[PDB]
Amino acid sequence: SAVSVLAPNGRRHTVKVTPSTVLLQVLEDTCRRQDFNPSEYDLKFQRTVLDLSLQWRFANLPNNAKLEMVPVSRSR
């Protein structure tokens, strides 16, 4: 399994995550290294929202699991 994050700011980065790994840990990890906040950033893929409370084991993401990056505070 692999996850991809396409930043609309012109920044395209892909992060390989596990299908059993919580996006929270990945998002938090990438957010930590990428010094980013969820309350200021939101992730969504197709018809599935990508956030912290969105586990792959549930949100069921695609192989490269490509997610779209969007500035904001969680889904809503």
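Residues numbered from 1 in each chain as written, not as in the entry; some residues may be left out. Heavy atoms only, no water.

Method of determination, as annotated in the archive: solution NMR.

1. Observations regarding the sheet that holds strand β5 (residues 66–70)
Within a sheet, adjacent strands bond to each other through the backbone by hydrogen bonds, running parallel or antiparallel. With mixed pairing, 5 strands are arranged side by side in an open sheet as β2-β1-β5-β3-β4. At either margin of the open sheet sits one strand with a lone partner, and together these are β2 (12–15) and β4 (48–50). Sheet twist, expressed as the mean angle between neighbouring strand axes with direction ignored, is 30°. Two elements, strand β1 (residues 3–6) and β2, share 4 bridges in a ladder whose sense is antiparallel. When the bridges of β2 are listed, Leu 6 appears paired with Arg 12. (Pairing = 2+ DSSP bridges. Helix = DSSP H or I, 4+ residues; strand = E, 2+ residues; numbered from the N terminus. Axes fitted to C-alpha atoms, helices over the stretch in contact; angles between N-to-C directions.)

2. Remarks on the environment of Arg 47
Tracing the backbone shows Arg 47 in the loop between β3 (42–45) and β4. By relative accessible area, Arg 47 is classed as exposed at 80%. Taking the C-alpha atoms as reference points, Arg 47 and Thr 14, separated by 33 residues in sequence, lie 19 Å from one another. (Buried < 20%, exposed > 50% of the residue type's maximum accessible area, 1.4 Å probe, protein only.)

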